[PDB]
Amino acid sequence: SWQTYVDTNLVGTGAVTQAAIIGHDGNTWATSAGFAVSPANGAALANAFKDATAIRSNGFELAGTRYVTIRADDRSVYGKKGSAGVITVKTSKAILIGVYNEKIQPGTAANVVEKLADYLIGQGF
């Protein structure tokens, strides 16, 4: 279920190259093959949705790579690193995380992730 959201609705689409779904405490509910985000980074991200102050000054880390905050509101937090980047979105019970590489259109990745979030939110999650 969470694994199929990640494997099918996120990675399987082609819009993100790697993806994870985290709880509001930052611990991973499911993750794409060989992609791993630390409970430490996850929590920080989780906090960002509440208070972006910290991430706005230093950005945020996810699976080794460091990112720069492009967007930060109470629902979405997006980072970028050259042609790459990460789209993260917050639902009622989790936070979706999707990274895309050079080959992907940033807004293509944002559409997929935000589309998954709307779905989950309408399912009570």
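The first residue of the shown sequence is 1; numbering continues from there.
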Task: Stretch with the higher entry mean CA B-factor, where the candidates are 52 to 60 and 85 to 93 - done: 52 to 60
Open item on the list: Highest mean C-alpha temperature factor of the two stretches 102 to 110 and 20 to 28, which is it?
Closed with: 102 to 110
Open item on the list: Ranking the modelled residues of this chain by C-alpha B-factor as given in the entry, is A36 in the lowest, middle or highest third?
Closed with: middle
Task: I70 - Cα temperature factor, lowest/middle/highest third of chain - done: highest
